[PDB]
Protein chains: 2
Amino acid sequence: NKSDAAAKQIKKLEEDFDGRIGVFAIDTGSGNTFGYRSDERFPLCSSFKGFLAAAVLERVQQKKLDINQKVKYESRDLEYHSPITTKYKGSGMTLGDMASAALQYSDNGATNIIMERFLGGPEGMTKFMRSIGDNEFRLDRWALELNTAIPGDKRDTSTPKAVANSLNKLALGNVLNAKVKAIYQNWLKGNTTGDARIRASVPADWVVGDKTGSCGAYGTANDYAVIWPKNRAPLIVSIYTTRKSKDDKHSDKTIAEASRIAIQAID
Amino acid sequence: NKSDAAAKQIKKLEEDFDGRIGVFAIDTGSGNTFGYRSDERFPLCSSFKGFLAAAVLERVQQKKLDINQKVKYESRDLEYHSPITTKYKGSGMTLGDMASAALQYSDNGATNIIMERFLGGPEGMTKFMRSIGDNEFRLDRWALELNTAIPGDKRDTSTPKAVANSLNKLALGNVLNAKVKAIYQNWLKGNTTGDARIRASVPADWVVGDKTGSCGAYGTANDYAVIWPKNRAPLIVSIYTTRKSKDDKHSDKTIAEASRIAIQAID
Ligand SMILES: *C(=O)[C@@H]([C@@H]1N=C(C(=O)O)[C@@H](SC2CN(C3=NCCS3)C2)[C@@H]1C)[C@H](C)O
Ligand SMILES: *C(=O)[C@@H]([C@@H]1N=C(C(=O)O)[C@H](SC2CN(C3=NCCS3)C2)[C@@H]1C)[C@@H](C)O
Ligand SMILES: [Cl-]
Ligand SMILES: [Cl-]
């Protein structure tokens with residue numbers, strides 16, 4: 001009935017902003033979970049960049065790539081919303097800086113460079129996810145063309161649950177060894193775009209790492225986080241939202257609130 | 001809870017001047033440590049010169065260089081802020097005097113000459129740091145071009161903790177033998193640029209050695225010190241700051257104060 005309360009509250013929250021909320025949350029210490037529409041599909045938006053950065057680190061760990069190797073792109077027509085890569089166009093960036101920029105600022109140039117040169121594009125990004133046991137994740141299109149968030153369209157979607165499980169495996173589990181996993185955590189922790197989302201749902205002294213996404217269409221936005229509460233086992237939180245109409249704006253407040261409800265449901 | 005008090009105080013200090021403070025402090029006699037954002041990246045500015053001078057002494061100890069060998073530079077266009085090297089342009093300087101000038105007066109000419117001729121430039125400076133167990137330190141650019149302190153930019157950064165540990169290894173530990181380490185200490189002790197920073201945070205009869213840095217952009221400044229309190233085991237203090245806006249000035253007062261808080265936290 002703690003589950004059922006949380007569910008009634010997400011249902012009301014989704015009715016209040018006239019859309020659709022998907023949640024999955026894990027207490028990694030007890031194994032307690034809460035889910036709401038946790039098996040429905042939602043657009044990834046930029047959020048897949050968190051997994052792209054893990055993919056790079058996997059390669060670095062296998063010695064397939066070096067984290068300090070220069071990635072040059074002096075001639076590239078940089079995609080919209082490349083605030084980091086724009087600054088370094090002249091000198092290039094380390095693969096590590098570039099992958100972290102893809103995560104921390106949602107840099108589309110970092111994203112697309114890495115997928116075209118190192119990861120085998122959308123298909124390869126999908127293969128990476130299948131290789132960690134994730135069967136729902138599909139990336140179909142490149143950084144800027146995946147944000148259409150069309151209702152019923154399965155392209156570039158996952159489920160809240162798949163997102164949660166995957167983050168758990170990558171951030172807390174055994175895909176990355178001790179050294180490289182720590183780097184991944186530092187990267188998540190240093191995310192700059194999620195202050196109004198899961199971060200806003202927790203005490204200021206809890207440590208958080210997240211990646212956000214915002215399609216800019218159908219009010220579609222999301223956020224996923226590893227949370228370290230004071231003196232407690234990590235939590236995994238995964239919140240995906242969409243909305244009725246093409247022109248609707250996303251609601252940060254709904255994401256923060258659905259996170260609050262989720263964190264309470266596994267308390 | 002003494003840790004947590006110190007942390008609340010640094011957080012308020014950082015909010016008051018609208019920036020970001022990173023701290024790491026070690027009591028070498030108990031092993032007690034305090035840190036605040038001790039794993040986040042901050043620009044080195046000139047501060048790496050302290051490690052550059054250690055690198056030189058390492059080479060001297062290995063018999064790769066002689067501390068009294070004449071370094072001539074009669075034709076060089078000396079970089080801005082070379083007060084010592086400007087004075088000796090005609091005659092040259094000993095490698096020892098030159099390295100100490102790079103430390104004590106933050107002489108950019110001494111800095112760049114030494115990196116280009118003896119240390120293998122920024123990458124060699126970084127290799128030196130890796131070789132003492134420092135995995136966070138990166139030097140990417142040369143003396144005058146590393147002071148841009150752009151938010152988000154990982155070039156020429158370390159963490160307060162990495163800086164503290166490294167200083168401990170170099171100033172108090174086993175990298176340099178007893179004779180050469182004493183030289184290094186004398187050098188640190190004779191620093192002339194840090195009267196308003198960590199030095200200002202401690203009784204005037206405590207003996208201090210430090211290296212400062214001031215990027216002159218984004219209010220970015222730092223200081224790191226070995227402190228000998230009378231009749232107590234050494235302390236290591238490491239304070240890094242940045243600020244929100246490009247035109248903000250650095251705050252010596254914030255550095256001195258964050259040092260006071262740090263030294264109390266490990267008391
Ligand atoms: C490096 O940071 C830059 C030079 N190093 C500085 C430093 O060591 O703090 C700055 S600021 C300079 C020292 N100073 C003093 N004020 C109080 C008494 S001495 C002004 C300096 C520019 C170089 C340019 O990279
Ligand atoms: C991908 O979703 C998308 C990127 N991703 C974004 C995101 O939320 O991660 C941005 S939305 C923008 C970044 N914002 C903030 N950063 C500082 C405070 S809030 C709002 C952007 C649209 C596509 C278009 O690349
Ligand atoms: Cl999507
Ligand atoms: Cl492409």
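Note that we place each Cβ from the backbone using ideal geometry, even for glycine, and neighbour counts take in every protein chain shown. Laboratory data are not the source of any read-out in this text; all were calculated from the coordinates shown.
Before moving on, here are some points about what is shown:
- Matching residues in region A:68-81 - criterion: being away from every other protein chain (no Cβ under 12 Å) and either in contact (Cβ under 8 Å) with a residue 24 or more places away in the chain or touching a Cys at 6+ places or on another chain (Cβ under 9 Å) (or both): A:69, A:71, A:73, A:76, A:78, A:79, A:80, A:81
- The condition of being touching a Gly at 6+ places or on another chain (Cβ under 8 Å), among the aliphatic types (A, V, I, L, M) and away from every other protein chain (no Cβ under 14 Å) does not hold for residue B:13.
- Taking each residue of region B:143-155 that is free of Cβ contacts under 8 Å to residues at least 40 places away in the same chain and basic (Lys, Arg) and looking for partners that are more than 10 Å from ligand 1 (Cβ to nearest atom) and assigned to a loop (DSSP other than H, G, I, E, B) with beta-carbon atoms closer than 9 Å, six or more apart or interchain, yields B:155/A:88; B:155/A:91; B:155/B:138; B:155/B:139; B:155/B:140; B:155/B:141; B:155/B:148.
- Residue match in region A:56-65 (condition: out of contact with any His (no Cβ under 9 Å at 6 or more places or on another chain), part of a loop (DSSP other than H, G, I, E, B) and within 14 Å of another protein chain (Cβ to nearest Cβ)): no
- Tally of residues being in contact with a strand residue (DSSP E or B) (Cβ under 9 Å, 6 or more places away or on another chain) and within 16 Å of ligand 4 (Cβ to nearest atom) across region A:87-103: 1
- Filtered residues of region A:197-207 (kept if within 15 Å of the chain's Cα centre (by Cα) and either surrounded by fewer than 24 Cβ atoms within 10 Å (Cβ to Cβ) or within 16 Å of ligand 4 (Cβ to nearest atom) (or both)): A:199
- So residue A:222, is it crowded, with 19+ Cβ neighbours inside 10 Å and more than 27 Å from residue B:153 (Cβ to Cβ): yes
- Screening residue A:39 against (1) crowded, with 24+ Cβ neighbours inside 10 Å; (2) touching a residue at least 60 places away in the same chain (Cβ under 8 Å); (3) more than 21 Å from residue A:194 (Cβ to Cβ) leaves a single unmet condition, (1).
- Number of positions in region A:116-138 that are charged (D, E, K, R) and either touching a strand residue (DSSP E or B) at 6+ places or on another chain (Cβ under 6 Å) or within 11 Å of ligand 3 (Cβ to nearest atom) (or both): 2
- Test result for residue A:141, of a type in the set (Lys, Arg), buried (at least 16 other Cβ atoms within 10 Å of the Cβ), closer than 30 Å to residue A:219 by Cβ and within 15 Å of ligand 3 (Cβ to nearest atom): no
- All positions within region A:131-154 that are more than 14 Å from ligand 4 (Cβ to nearest atom) and touching a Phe, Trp or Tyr at 6+ places or on another chain (Cβ under 8 Å): A:137, A:149, A:150, A:151
- Residues located in region B:67-81, provided they are crowded, with 17+ Cβ neighbours inside 10 Å and among the charged types (D, E, K, R): B:79
- The listed residue being within 24 Å of residue A:240 (Cα to Cα) and assigned to a loop (DSSP other than H, G, I, E, B), out of A:75, A:3, A:30: A:30
- When residues of region B:186-198 are limited to those that are more than 20 Å from residue B:111 (Cβ to Cβ) and touching a residue at least 40 places away in the same chain (Cβ under 8 Å), the one nearest to ligand 1 (Cβ to nearest atom): B:196
- The condition of being hydroxyl-bearing (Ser, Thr, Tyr) and closer than 17 Å to residue A:9 by Cβ holds for only one of A:241, A:220, that being A:241.
- The residue pairs whose first member lies in region A:204-220 and is at negative phi and within 14 Å of another protein chain (Cβ to nearest Cβ), whose second member is more than 16 Å from ligand 4 (Cβ to nearest atom) and of a type in the set (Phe, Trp, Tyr), and whose beta carbons are closer than 6 Å, counting only pairs six or more residues apart or on different chains, are A:207/A:228.
- Residue B:51 part of a helix (DSSP H, G or I), away from chain A (no Cβ under 13 Å), in contact (Cβ under 8 Å) with a residue 40 or more places away in the chain and of a type in the set (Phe, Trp, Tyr): yes
- Checked against (1) surrounded by 17 or more Cβ atoms within 10 Å (Cβ to Cβ); (2) away from ligand 4 (no atom under 16 Å from the Cβ); (3) under 18 Å from the mean Cα position of the chain (by Cα); (4) not in a loop (DSSP other than H, G, I, E, B), residue A:84 passes all but a single condition, namely (3).
- Unique match (being free of Cβ contacts under 8 Å to residues at least 60 places away in the same chain and either closer than 12 Å to residue B:164 by Cβ or surrounded by fewer than 23 Cβ atoms within 10 Å (Cβ to Cβ) (or both)) among B:31, B:22: B:31
- Of the helices (runs of 4 or more DSSP H) lying entirely inside region B:90-201, those containing at least 2 residues that are in contact with a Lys or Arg (Cβ under 9 Å, 6 or more places away or on another chain) and within 14 Å of another protein chain (Cβ to nearest Cβ) are B:121-130.
- Residues that are within 13 Å of ligand 2 (Cβ to nearest atom) and farther than 18 Å from residue A:182 by Cβ within region A:200-217 comprise A:200, A:212, A:213, A:214, A:215, A:216, A:217, listed in sequence order.
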